[PDB]
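The file target10.pdb comes next; it holds PDB, C-alpha atoms.
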```pdb
MODEL        1
ATOM      1  CA  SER A   1     160.567-190.071 107.517
ATOM      2  CA  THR A   2     160.139-193.806 106.989
ATOM      3  CA  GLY A   3     160.529-196.360 104.226
ATOM      4  CA  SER A   4     159.067-199.805 103.612
ATOM      5  CA  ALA A   5     160.084-202.231 100.873
ATOM      6  CA  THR A   6     159.241-205.836 100.115
ATOM      7  CA  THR A   7     162.110-208.297  99.969
ATOM      8  CA  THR A   8     161.746-211.439  97.857
ATOM      9  CA  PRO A   9     163.708-214.715  97.810
ATOM     10  CA  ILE A  10     165.768-215.128  94.629
ATOM     11  CA  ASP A  11     164.989-218.825  94.342
ATOM     12  CA  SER A  12     163.053-221.726  95.851
ATOM     13  CA  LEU A  13     165.711-222.290  98.543
ATOM     14  CA  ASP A  14     165.791-218.706  99.895
ATOM     15  CA  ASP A  15     169.481-218.507  98.921
ATOM     16  CA  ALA A  16     169.256-214.712  99.182
ATOM     17  CA  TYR A  17     166.686-211.934  99.107
ATOM     18  CA  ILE A  18     166.341-208.992  96.721
ATOM     19  CA  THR A  19     164.749-205.634  97.411
ATOM     20  CA  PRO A  20     163.994-203.028  94.742
ATOM     21  CA  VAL A  21     166.012-199.808  95.024
ATOM     22  CA  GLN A  22     165.549-196.607  93.008
ATOM     23  CA  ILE A  23     168.824-194.989  91.908
ATOM     24  CA  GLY A  24     169.218-191.721  90.045
ATOM     25  CA  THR A  25     166.996-189.317  88.156
ATOM     26  CA  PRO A  26     164.884-190.530  86.443
ATOM     27  CA  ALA A  27     164.807-193.561  88.698
ATOM     28  CA  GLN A  28     166.679-196.679  87.670
ATOM     29  CA  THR A  29     165.321-199.588  89.700
ATOM     30  CA  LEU A  30     167.800-202.295  90.614
ATOM     31  CA  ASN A  31     167.185-205.347  92.775
ATOM     32  CA  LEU A  32     169.769-205.326  95.547
ATOM     33  CA  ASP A  33     170.821-207.817  98.210
ATOM     34  CA  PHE A  34     170.420-205.997 101.536
ATOM     35  CA  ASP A  35     173.394-207.138 103.592
ATOM     36  CA  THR A  36     173.679-206.370 107.308
ATOM     37  CA  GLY A  37     177.126-207.993 107.180
ATOM     38  CA  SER A  38     178.804-205.445 104.883
ATOM     39  CA  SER A  39     178.803-201.711 104.296
ATOM     40  CA  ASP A  40     179.127-200.996 100.572
ATOM     41  CA  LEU A  41     176.258-200.145  98.233
ATOM     42  CA  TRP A  42     177.516-201.407  94.891
ATOM     43  CA  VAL A  43     175.814-202.097  91.585
ATOM     44  CA  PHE A  44     176.265-203.695  88.219
ATOM     45  CA  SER A  45     176.654-200.790  85.853
ATOM     46  CA  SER A  46     177.380-199.541  82.373
ATOM     47  CA  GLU A  47     181.030-199.665  83.467
ATOM     48  CA  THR A  48     181.001-203.371  84.358
ATOM     49  CA  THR A  49     183.223-205.533  82.120
ATOM     50  CA  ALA A  50     180.751-206.722  79.503
ATOM     51  CA  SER A  51     181.681-210.415  79.746
ATOM     52  CA  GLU A  52     180.927-210.270  83.491
ATOM     53  CA  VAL A  53     177.341-209.134  82.990
ATOM     54  CA  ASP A  54     174.807-211.936  82.392
ATOM     55  CA  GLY A  55     171.203-210.831  82.808
ATOM     56  CA  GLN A  56     171.569-208.244  85.579
ATOM     57  CA  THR A  57     169.964-204.841  85.418
ATOM     58  CA  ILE A  58     172.659-202.168  85.274
ATOM     59  CA  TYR A  59     172.918-198.640  86.604
ATOM     60  CA  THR A  60     173.976-196.157  83.907
ATOM     61  CA  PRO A  61     175.158-192.995  85.669
ATOM     62  CA  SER A  62     175.413-191.011  82.428
ATOM     63  CA  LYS A  63     171.607-191.282  82.187
ATOM     64  CA  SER A  64     171.061-189.854  85.668
ATOM     65  CA  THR A  65     170.932-186.075  85.940
ATOM     66  CA  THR A  66     171.746-186.295  89.650
ATOM     67  CA  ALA A  67     174.784-188.597  89.303
ATOM     68  CA  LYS A  68     178.194-187.076  90.085
ATOM     69  CA  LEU A  69     181.517-188.879  89.819
ATOM     70  CA  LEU A  70     183.239-188.959  93.197
ATOM     71  CA  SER A  71     186.630-187.894  91.932
ATOM     72  CA  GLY A  72     189.481-190.249  92.687
ATOM     73  CA  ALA A  73     187.386-192.707  94.666
ATOM     74  CA  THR A  74     187.652-196.462  94.177
ATOM     75  CA  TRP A  75     186.395-199.489  96.037
ATOM     76  CA  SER A  76     187.197-203.175  96.284
ATOM     77  CA  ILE A  77     185.547-205.780  98.442
ATOM     78  CA  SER A  78     185.983-209.478  99.152
ATOM     79  CA  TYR A  79     183.240-211.433 100.879
ATOM     80  CA  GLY A  80     183.399-214.409 103.231
ATOM     81  CA  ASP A  81     182.231-216.745 100.475
ATOM     82  CA  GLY A  82     185.226-215.858  98.300
ATOM     83  CA  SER A  83     183.359-213.580  95.921
ATOM     84  CA  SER A  84     184.499-210.043  95.116
ATOM     85  CA  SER A  85     183.880-206.843  93.156
ATOM     86  CA  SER A  86     185.523-203.464  92.589
ATOM     87  CA  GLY A  87     185.182-200.220  90.692
ATOM     88  CA  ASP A  88     184.664-196.485  91.031
ATOM     89  CA  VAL A  89     182.115-194.298  92.811
ATOM     90  CA  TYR A  90     179.292-191.893  92.061
ATOM     91  CA  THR A  91     177.038-190.004  94.404
ATOM     92  CA  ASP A  92     173.365-190.057  93.453
ATOM     93  CA  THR A  93     169.847-190.128  94.836
ATOM     94  CA  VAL A  94     168.826-193.474  96.275
ATOM     95  CA  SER A  95     165.346-194.390  97.502
ATOM     96  CA  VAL A  96     164.149-197.528  99.278
ATOM     97  CA  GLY A  97     160.448-198.009  99.765
ATOM     98  CA  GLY A  98     159.697-194.281  99.739
ATOM     99  CA  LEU A  99     162.698-193.193 101.831
ATOM    100  CA  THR A 100     165.120-190.997  99.892
ATOM    101  CA  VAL A 101     168.790-190.214 100.486
ATOM    102  CA  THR A 102     170.507-187.607  98.377
ATOM    103  CA  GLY A 103     174.273-187.804  97.868
ATOM    104  CA  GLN A 104     174.465-191.535  98.575
ATOM    105  CA  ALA A 105     177.693-193.204  97.470
ATOM    106  CA  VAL A 106     176.779-195.636  94.696
ATOM    107  CA  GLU A 107     179.731-197.876  93.993
ATOM    108  CA  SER A 108     179.830-198.767  90.314
ATOM    109  CA  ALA A 109     181.364-202.137  89.528
ATOM    110  CA  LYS A 110     184.056-202.340  86.875
ATOM    111  CA  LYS A 111     184.759-205.962  87.834
ATOM    112  CA  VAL A 112     182.733-208.667  89.566
ATOM    113  CA  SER A 113     183.669-212.259  90.353
ATOM    114  CA  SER A 114     182.070-215.245  88.675
ATOM    115  CA  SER A 115     179.529-215.944  91.417
ATOM    116  CA  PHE A 116     178.011-212.492  90.889
ATOM    117  CA  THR A 117     177.956-212.853  87.094
ATOM    118  CA  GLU A 118     176.299-216.250  87.419
ATOM    119  CA  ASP A 119     173.492-214.873  89.581
ATOM    120  CA  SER A 120     171.259-212.969  87.177
ATOM    121  CA  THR A 121     168.800-212.032  89.936
ATOM    122  CA  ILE A 122     171.109-209.850  92.055
ATOM    123  CA  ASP A 123     171.969-206.409  90.599
ATOM    124  CA  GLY A 124     174.204-205.418  93.506
ATOM    125  CA  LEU A 125     174.438-205.176  97.301
ATOM    126  CA  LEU A 126     173.171-202.599  99.771
ATOM    127  CA  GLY A 127     175.266-202.796 102.907
ATOM    128  CA  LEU A 128     173.686-202.208 106.302
ATOM    129  CA  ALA A 129     176.576-202.980 108.684
ATOM    130  CA  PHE A 130     178.523-200.104 110.239
ATOM    131  CA  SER A 131     180.124-197.545 107.953
ATOM    132  CA  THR A 132     183.558-198.266 109.437
ATOM    133  CA  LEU A 133     183.648-201.327 107.109
ATOM    134  CA  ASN A 134     183.004-199.339 103.934
ATOM    135  CA  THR A 135     185.778-199.962 101.394
ATOM    136  CA  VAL A 136     185.780-196.667  99.474
ATOM    137  CA  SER A 137     189.229-195.142  99.238
ATOM    138  CA  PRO A 138     190.671-192.638  99.934
ATOM    139  CA  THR A 139     187.539-191.214 101.590
ATOM    140  CA  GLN A 140     185.352-193.793 103.305
ATOM    141  CA  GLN A 141     181.644-193.454 102.604
ATOM    142  CA  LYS A 142     178.512-193.916 104.703
ATOM    143  CA  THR A 143     175.854-196.587 104.295
ATOM    144  CA  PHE A 144     172.328-195.774 103.176
ATOM    145  CA  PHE A 145     171.098-196.289 106.755
ATOM    146  CA  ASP A 146     173.808-194.047 108.186
ATOM    147  CA  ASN A 147     172.877-191.280 105.715
ATOM    148  CA  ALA A 148     169.127-191.676 106.388
ATOM    149  CA  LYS A 149     169.318-192.022 110.152
ATOM    150  CA  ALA A 150     168.935-188.427 111.265
ATOM    151  CA  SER A 151     165.849-187.983 109.083
ATOM    152  CA  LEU A 152     164.140-191.177 110.261
ATOM    153  CA  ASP A 153     161.282-191.059 112.773
ATOM    154  CA  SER A 154     163.312-193.516 114.863
ATOM    155  CA  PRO A 155     166.936-194.488 114.099
ATOM    156  CA  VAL A 156     166.150-198.113 113.287
ATOM    157  CA  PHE A 157     165.572-200.542 110.499
ATOM    158  CA  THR A 158     163.898-203.933 110.686
ATOM    159  CA  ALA A 159     164.296-207.181 108.783
ATOM    160  CA  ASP A 160     161.309-209.473 108.386
ATOM    161  CA  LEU A 161     162.490-212.184 106.020
ATOM    162  CA  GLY A 162     160.059-214.776 104.761
ATOM    163  CA  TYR A 163     160.377-218.529 104.542
ATOM    164  CA  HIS A 164     159.759-219.375 100.887
ATOM    165  CA  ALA A 165     157.791-216.125 100.738
ATOM    166  CA  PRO A 166     158.211-212.381 100.512
ATOM    167  CA  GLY A 167     159.044-210.245 103.539
ATOM    168  CA  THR A 168     159.809-206.656 104.453
ATOM    169  CA  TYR A 169     162.572-204.207 105.258
ATOM    170  CA  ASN A 170     161.305-201.168 107.155
ATOM    171  CA  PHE A 171     163.270-198.011 107.917
ATOM    172  CA  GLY A 172     162.474-195.591 110.702
ATOM    173  CA  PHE A 173     159.643-197.439 112.455
ATOM    174  CA  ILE A 174     158.720-200.716 114.149
ATOM    175  CA  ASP A 175     155.582-202.372 112.744
ATOM    176  CA  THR A 176     153.909-203.688 115.877
ATOM    177  CA  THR A 177     151.569-205.873 113.771
ATOM    178  CA  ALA A 178     154.497-207.808 112.243
ATOM    179  CA  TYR A 179     155.446-209.927 115.260
ATOM    180  CA  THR A 180     153.955-211.826 118.174
ATOM    181  CA  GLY A 181     154.700-211.261 121.856
ATOM    182  CA  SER A 182     157.468-208.840 122.778
ATOM    183  CA  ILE A 183     160.733-207.767 121.206
ATOM    184  CA  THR A 184     163.730-208.779 123.335
ATOM    185  CA  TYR A 185     166.661-206.452 122.982
ATOM    186  CA  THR A 186     170.257-207.513 123.417
ATOM    187  CA  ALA A 187     173.632-205.712 123.437
ATOM    188  CA  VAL A 188     175.693-205.105 120.299
ATOM    189  CA  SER A 189     179.423-204.685 119.870
ATOM    190  CA  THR A 190     180.402-202.555 116.891
ATOM    191  CA  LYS A 191     184.119-203.236 117.437
ATOM    192  CA  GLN A 192     184.391-205.363 114.282
ATOM    193  CA  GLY A 193     181.939-203.233 112.295
ATOM    194  CA  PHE A 194     179.134-205.826 112.505
ATOM    195  CA  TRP A 195     175.809-206.190 114.276
ATOM    196  CA  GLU A 196     177.612-208.487 116.715
ATOM    197  CA  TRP A 197     175.744-209.907 119.709
ATOM    198  CA  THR A 198     175.798-212.857 122.101
ATOM    199  CA  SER A 199     173.130-215.519 122.051
ATOM    200  CA  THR A 200     172.369-217.111 125.419
ATOM    201  CA  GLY A 201     172.237-220.681 124.153
ATOM    202  CA  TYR A 202     170.385-223.256 122.096
ATOM    203  CA  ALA A 203     168.120-226.291 121.970
ATOM    204  CA  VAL A 204     167.730-229.064 119.397
ATOM    205  CA  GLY A 205     164.174-230.118 118.683
ATOM    206  CA  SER A 206     162.256-230.752 121.885
ATOM    207  CA  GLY A 207     165.516-231.117 123.831
ATOM    208  CA  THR A 208     166.577-229.186 126.902
ATOM    209  CA  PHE A 209     168.007-225.707 126.449
ATOM    210  CA  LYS A 210     171.767-225.409 126.847
ATOM    211  CA  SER A 211     172.825-222.131 128.417
ATOM    212  CA  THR A 212     176.006-221.042 126.701
ATOM    213  CA  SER A 213     177.226-217.757 125.264
ATOM    214  CA  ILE A 214     177.488-217.707 121.470
ATOM    215  CA  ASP A 215     178.972-214.523 120.019
ATOM    216  CA  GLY A 216     177.978-213.925 116.424
ATOM    217  CA  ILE A 217     176.701-211.498 113.810
ATOM    218  CA  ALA A 218     173.222-210.837 112.501
ATOM    219  CA  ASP A 219     173.910-211.110 108.772
ATOM    220  CA  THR A 220     171.113-210.874 106.231
ATOM    221  CA  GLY A 221     173.650-211.386 103.435
ATOM    222  CA  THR A 222     174.601-214.889 104.536
ATOM    223  CA  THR A 223     172.208-217.730 103.662
ATOM    224  CA  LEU A 224     172.910-220.223 106.412
ATOM    225  CA  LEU A 225     173.399-220.431 110.172
ATOM    226  CA  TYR A 226     177.067-220.926 111.081
ATOM    227  CA  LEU A 227     177.711-221.974 114.673
ATOM    228  CA  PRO A 228     180.486-223.640 116.717
ATOM    229  CA  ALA A 229     181.310-227.221 115.775
ATOM    230  CA  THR A 230     180.057-228.542 119.122
ATOM    231  CA  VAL A 231     176.611-227.005 118.596
ATOM    232  CA  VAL A 232     176.372-228.139 114.984
ATOM    233  CA  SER A 233     177.414-231.691 115.867
ATOM    234  CA  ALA A 234     174.715-231.825 118.547
ATOM    235  CA  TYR A 235     172.102-230.752 116.001
ATOM    236  CA  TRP A 236     172.993-233.179 113.215
ATOM    237  CA  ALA A 237     173.379-236.061 115.667
ATOM    238  CA  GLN A 238     169.576-235.953 115.923
ATOM    239  CA  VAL A 239     169.165-236.613 112.192
ATOM    240  CA  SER A 240     169.591-240.265 111.164
ATOM    241  CA  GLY A 241     172.172-240.587 108.433
ATOM    242  CA  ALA A 242     173.476-237.032 108.667
ATOM    243  CA  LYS A 243     177.209-236.569 108.295
ATOM    244  CA  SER A 244     179.833-233.946 107.583
ATOM    245  CA  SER A 245     181.127-234.359 104.051
ATOM    246  CA  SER A 246     184.452-232.754 103.207
ATOM    247  CA  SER A 247     183.774-233.371  99.512
ATOM    248  CA  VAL A 248     180.449-231.523  99.621
ATOM    249  CA  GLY A 249     181.681-228.888 102.088
ATOM    250  CA  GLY A 250     179.504-229.398 105.140
ATOM    251  CA  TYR A 251     176.798-231.426 106.772
ATOM    252  CA  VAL A 252     174.493-233.346 104.475
ATOM    253  CA  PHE A 253     171.511-235.490 105.358
ATOM    254  CA  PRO A 254     169.159-237.953 103.684
ATOM    255  CA  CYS A 255     166.486-236.040 101.846
ATOM    256  CA  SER A 256     163.933-238.491 103.328
ATOM    257  CA  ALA A 257     164.634-237.125 106.832
ATOM    258  CA  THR A 258     162.351-234.989 108.937
ATOM    259  CA  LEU A 259     164.554-232.307 110.465
ATOM    260  CA  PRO A 260     164.226-231.170 114.083
ATOM    261  CA  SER A 261     163.808-227.528 114.964
ATOM    262  CA  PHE A 262     166.647-225.430 116.349
ATOM    263  CA  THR A 263     166.097-222.884 119.092
ATOM    264  CA  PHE A 264     168.446-219.996 119.889
ATOM    265  CA  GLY A 265     168.440-217.750 122.946
ATOM    266  CA  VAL A 266     168.054-213.995 122.954
ATOM    267  CA  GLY A 267     168.398-213.062 126.593
ATOM    268  CA  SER A 268     165.671-215.026 128.375
ATOM    269  CA  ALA A 269     163.670-215.245 125.134
ATOM    270  CA  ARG A 270     163.765-218.039 122.573
ATOM    271  CA  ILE A 271     163.538-218.054 118.776
ATOM    272  CA  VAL A 272     162.517-221.348 117.179
ATOM    273  CA  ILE A 273     163.751-222.196 113.694
ATOM    274  CA  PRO A 274     161.428-224.869 112.257
ATOM    275  CA  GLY A 275     163.146-227.950 110.863
ATOM    276  CA  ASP A 276     162.012-227.231 107.314
ATOM    277  CA  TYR A 277     163.987-223.940 107.357
ATOM    278  CA  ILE A 278     167.163-226.038 107.717
ATOM    279  CA  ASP A 279     166.607-228.007 104.470
ATOM    280  CA  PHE A 280     168.583-226.649 101.486
ATOM    281  CA  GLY A 281     167.675-229.468  99.158
ATOM    282  CA  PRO A 282     169.606-231.913  97.009
ATOM    283  CA  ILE A 283     173.357-231.314  96.842
ATOM    284  CA  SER A 284     173.063-231.729  93.074
ATOM    285  CA  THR A 285     170.043-232.130  90.856
ATOM    286  CA  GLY A 286     168.407-235.500  91.428
ATOM    287  CA  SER A 287     170.493-236.442  94.464
ATOM    288  CA  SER A 288     168.927-237.940  97.571
ATOM    289  CA  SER A 289     171.583-236.256  99.728
ATOM    290  CA  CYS A 290     170.421-232.861 100.959
ATOM    291  CA  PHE A 291     172.473-229.917 102.172
ATOM    292  CA  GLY A 292     172.011-228.713 105.737
ATOM    293  CA  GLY A 293     171.195-225.167 106.743
ATOM    294  CA  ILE A 294     173.171-225.271 109.978
ATOM    295  CA  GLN A 295     176.906-225.538 109.380
ATOM    296  CA  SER A 296     180.107-225.188 111.385
ATOM    297  CA  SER A 297     181.733-221.779 111.711
ATOM    298  CA  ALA A 298     185.094-223.395 112.485
ATOM    299  CA  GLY A 299     187.559-221.726 110.148
ATOM    300  CA  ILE A 300     185.270-218.761 109.378
ATOM    301  CA  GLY A 301     186.501-217.113 112.552
ATOM    302  CA  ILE A 302     183.047-215.857 113.514
ATOM    303  CA  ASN A 303     179.589-217.288 114.142
ATOM    304  CA  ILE A 304     176.977-216.042 111.678
ATOM    305  CA  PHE A 305     173.259-215.758 112.321
ATOM    306  CA  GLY A 306     172.346-215.762 108.640
ATOM    307  CA  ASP A 307     169.003-215.943 106.898
ATOM    308  CA  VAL A 308     168.137-219.402 108.288
ATOM    309  CA  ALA A 309     168.058-217.881 111.787
ATOM    310  CA  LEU A 310     166.880-214.370 110.948
ATOM    311  CA  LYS A 311     163.869-215.434 108.868
ATOM    312  CA  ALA A 312     162.498-217.159 111.997
ATOM    313  CA  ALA A 313     162.245-213.747 113.688
ATOM    314  CA  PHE A 314     161.302-210.139 113.396
ATOM    315  CA  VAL A 315     164.641-208.374 113.810
ATOM    316  CA  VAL A 316     165.250-204.782 114.919
ATOM    317  CA  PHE A 317     168.528-203.189 114.007
ATOM    318  CA  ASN A 318     168.570-200.281 116.453
ATOM    319  CA  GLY A 319     171.052-197.589 115.404
ATOM    320  CA  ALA A 320     170.647-195.427 118.477
ATOM    321  CA  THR A 321     173.809-193.871 119.894
ATOM    322  CA  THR A 322     174.421-197.204 121.598
ATOM    323  CA  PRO A 323     173.202-199.733 119.028
ATOM    324  CA  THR A 324     171.226-202.811 120.060
ATOM    325  CA  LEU A 325     169.478-205.719 118.337
ATOM    326  CA  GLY A 326     165.908-206.812 118.971
ATOM    327  CA  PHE A 327     164.324-210.177 118.228
ATOM    328  CA  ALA A 328     160.680-211.210 118.308
ATOM    329  CA  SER A 329     158.851-214.350 117.244
ATOM    330  CA  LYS A 330     156.347-213.919 114.409
TER     331      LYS A 330
ENDMDL
END
```

Go through the file and emit its structure as structure tokens.
Amino acid sequence: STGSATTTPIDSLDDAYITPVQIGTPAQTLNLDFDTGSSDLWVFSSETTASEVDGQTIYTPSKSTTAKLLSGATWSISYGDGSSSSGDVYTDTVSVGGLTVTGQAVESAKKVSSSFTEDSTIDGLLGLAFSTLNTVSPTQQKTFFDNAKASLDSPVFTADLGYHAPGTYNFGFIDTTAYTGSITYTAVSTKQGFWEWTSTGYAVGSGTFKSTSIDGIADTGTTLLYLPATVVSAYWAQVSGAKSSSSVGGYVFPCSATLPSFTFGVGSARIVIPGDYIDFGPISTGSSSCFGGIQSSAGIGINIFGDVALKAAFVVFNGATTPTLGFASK
């Protein structure tokens, strides 16, 4: 089997992407944030504290004839950005772009943190990291991909995120018309539960490529590109007036600037992030100070190849017995 679903930016800055997901019988369609950096499929629901729901579409398990309470199971997750959610668990039928999993754990939120409430466009998350990170207790549950894998034509999914435009998540096949040149594959460590890999280096604008190993995660659920302070400093040094602002919480730059591109290495291959992808607009409405899309990972504890990097590529998440990651230009 295969599936194919369009993923759409939630706003004009590409802060995140939502993909429609069918849950239950009859289908209840929710728009979920596909997150290769976590492993829980959780939704706003009829059980969510009412004051914490503000515009989201909810899953109502009592209206699904295929929903079954997973007795005794709870979940609770905290994300790198400080947000969180928790609740109980149902199993139900979940379909993405024509690909159906029966008995998928659907984690129903009883509580969500303010950042989730305040984002009316995201109805939940669909985790696509390794199932070892799943938070369901006392019996850990599998991700949608993990459940689908054996039935897929090929044990893969691909992320093709758009810049200020829709893109695609495909399951079970590689669309050879969706990228240019070749896909370069690179090794993955699953030791921390992530799609963790090592970039071979970077360039800033038309500058020379610096060969240096950068270990990080391919994370569709993180907006920006978080890299070591040395790398980030070298980038922003090429932008007149750019500076790190502790009050704002990262590098900012004059909105009148033209940003240079940023290249990252995948083996001997190179992915070029155009400068415009690195512009996240005014820090506050009407400001002429703009927020940068490349930020330091110092104090995160891990480098994160988030949407800024991933949307510059066609990305293969290969869930073969030994997982690998593939990157192509597009």

Go through the shown structure with the PyMOL selection byres ((chain A and resi 76-88) around 6) and write out the matching residues as a PDB file with C-alpha atoms, in the frame of the given file.
```pdb
ATOM      1  CA  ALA A  73     187.386-192.707  94.666  1.00  0.00           C
ATOM      2  CA  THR A  74     187.652-196.462  94.177  1.00  0.00           C
ATOM      3  CA  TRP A  75     186.395-199.489  96.037  1.00  0.00           C
ATOM      4  CA  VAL A  89     182.115-194.298  92.811  1.00  0.00           C
ATOM      5  CA  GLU A 107     179.731-197.876  93.993  1.00  0.00           C
ATOM      6  CA  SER A 108     179.830-198.767  90.314  1.00  0.00           C
ATOM      7  CA  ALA A 109     181.364-202.137  89.528  1.00  0.00           C
ATOM      8  CA  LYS A 110     184.056-202.340  86.875  1.00  0.00           C
ATOM      9  CA  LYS A 111     184.759-205.962  87.834  1.00  0.00           C
ATOM     10  CA  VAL A 112     182.733-208.667  89.566  1.00  0.00           C
ATOM     11  CA  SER A 113     183.669-212.259  90.353  1.00  0.00           C
TER      12      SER A 113
END
```

- request: Pick out the residues sitting within 9 Å of region 293-299 of chain A, and hand them over as a ChimeraX atom specification; count only C-alpha atoms, and ignore anything fewer than 5 positions along from it in its own chain.
  value: /A:223-233,235-236,250-251,277-280,304,308

Who sits within 8 Å of residue 18 (chain A), all atoms listed in the file, same chain under 6 positions skipped, as an mmCIF file with C-alpha atoms, keeping the file's coordinate frame:
```cif
data_model
loop_
_atom_site.group_PDB
_atom_site.id
_atom_site.type_symbol
_atom_site.label_atom_id
_atom_site.label_comp_id
_atom_site.auth_asym_id
_atom_site.auth_seq_id
_atom_site.Cartn_x
_atom_site.Cartn_y
_atom_site.Cartn_z
ATOM 1 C CA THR A 7 162.110 -208.297 99.969
ATOM 2 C CA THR A 8 161.746 -211.439 97.857
ATOM 3 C CA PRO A 9 163.708 -214.715 97.810
ATOM 4 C CA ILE A 10 165.768 -215.128 94.629
ATOM 5 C CA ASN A 31 167.185 -205.347 92.775
ATOM 6 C CA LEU A 32 169.769 -205.326 95.547
ATOM 7 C CA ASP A 33 170.821 -207.817 98.210
ATOM 8 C CA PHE A 34 170.420 -205.997 101.536
ATOM 9 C CA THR A 121 168.800 -212.032 89.936
ATOM 10 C CA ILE A 122 171.109 -209.850 92.055
#
```

message: Starting from the PyMOL selection byres ((chain A and resi 134-137) around 6), expand the selection into actual residues of this file and give them as a PyMOL selection string.
response: chain A and resi 39-40+73-75+131-133+138-140

task: Considering only C-alpha atoms, return as a PyMOL selection string whatever protein or nucleic-acid residues lie within 12 Å of region 56-68 of chain A, sequence-local ones (same chain, fewer than 5 positions apart) excluded.
output: chain A and resi 20-32+42-51+73+88-94+101-110+112+116-124

- request: Expand the PyMOL selection byres ((chain A and resi 6) around 6) into the individual residues it matches in the shown file, reporting them as a PyMOL selection string.
  value: chain A and resi 5+7+167-168

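Among the candidates A:262, A:179, A:157, A:173, the residue lying nearest to residue 330 (chain A) is A:179 (atoms considered: all atoms listed in the file).
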
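Non-sequential neighbours of residue 324 (chain A) (distance at most 8 Å, separation of 5 or more positions within a chain, all atoms listed in the file) are residues 185, 186, 187, 188, 317, 318 and 319 of chain A.
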
What box, with edges along x, y and z, holds each listed atom of region 311-317 of chain A when 6 Å is added on every side, and can you state its centre and edge lengths in Å to one decimal, as JSON?
```
{"center_x": 164.9, "center_y": -210.2, "center_z": 111.9, "size_x": 19.2, "size_y": 26.0, "size_z": 18.1}
```

message: So, with only C-alpha atoms as the atoms that count, which of A:41, A:125, A:69, A:257 lies closest to residue 146 (chain A)?
response: A:41

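Relative to CA of residue 180 (chain A), CA of residue 95 (chain A) is found at 29.3 Å.
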
Near-residue 38 (chain A) list (7 Å; only C-alpha atoms; drop same-chain fewer than 2 positions) as a PDB file with C-alpha atoms, keeping the file's coordinate frame:
```pdb
ATOM      1  CA  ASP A  35     173.394-207.138 103.592  1.00  0.00           C
ATOM      2  CA  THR A  36     173.679-206.370 107.308  1.00  0.00           C
ATOM      3  CA  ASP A  40     179.127-200.996 100.572  1.00  0.00           C
ATOM      4  CA  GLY A 127     175.266-202.796 102.907  1.00  0.00           C
ATOM      5  CA  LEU A 128     173.686-202.208 106.302  1.00  0.00           C
ATOM      6  CA  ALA A 129     176.576-202.980 108.684  1.00  0.00           C
ATOM      7  CA  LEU A 133     183.648-201.327 107.109  1.00  0.00           C
TER       8      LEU A 133
END
```

query: Rounded to one decimal in Å, what is the spacing between CA of residue 258 (chain A) and CA of residue 302 (chain A)?
result: 28.6 Å

query: At what distance in Å, to one decimal, does CA of residue 322 (chain A) lie from CA of residue 162 (chain A)?
result: 28.3 Å

Final N, CA, C and O atoms of region 206-214 of chain A as a tab-separated table (two decimals), in the coordinates of the input:
```
chain	number	residue	atom	x	y	z
A	206	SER	N	162.96	-230.89	120.62
A	206	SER	CA	162.26	-230.75	121.88
A	206	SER	C	163.20	-230.96	123.07
A	206	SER	O	162.75	-231.12	124.21
A	207	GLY	N	164.50	-230.93	122.80
A	207	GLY	CA	165.52	-231.12	123.83
A	207	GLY	C	165.66	-229.96	124.81
A	207	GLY	O	165.13	-228.87	124.62
A	208	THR	N	166.39	-230.21	125.88
A	208	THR	CA	166.58	-229.19	126.90
A	208	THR	C	167.49	-228.08	126.39
A	208	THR	O	168.39	-228.31	125.59
A	209	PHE	N	167.23	-226.87	126.85
A	209	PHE	CA	168.01	-225.71	126.45
A	209	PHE	C	169.35	-225.72	127.15
A	209	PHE	O	169.42	-225.90	128.37
A	210	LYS	N	170.40	-225.53	126.36
A	210	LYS	CA	171.77	-225.41	126.85
A	210	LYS	C	172.14	-223.93	126.96
A	210	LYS	O	172.20	-223.21	125.96
A	211	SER	N	172.40	-223.49	128.18
A	211	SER	CA	172.82	-222.13	128.42
A	211	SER	C	174.31	-222.03	128.12
A	211	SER	O	175.14	-222.67	128.78
A	212	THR	N	174.63	-221.23	127.12
A	212	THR	CA	176.01	-221.04	126.70
A	212	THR	C	176.06	-219.81	125.82
A	212	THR	O	175.19	-219.59	124.99
A	213	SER	N	177.08	-218.99	126.03
A	213	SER	CA	177.23	-217.76	125.26
A	213	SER	C	177.79	-218.03	123.88
A	213	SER	O	178.86	-218.64	123.74
A	214	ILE	N	177.06	-217.58	122.87
A	214	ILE	CA	177.49	-217.71	121.47
A	214	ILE	C	177.54	-216.33	120.82
A	214	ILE	O	176.52	-215.75	120.47
```
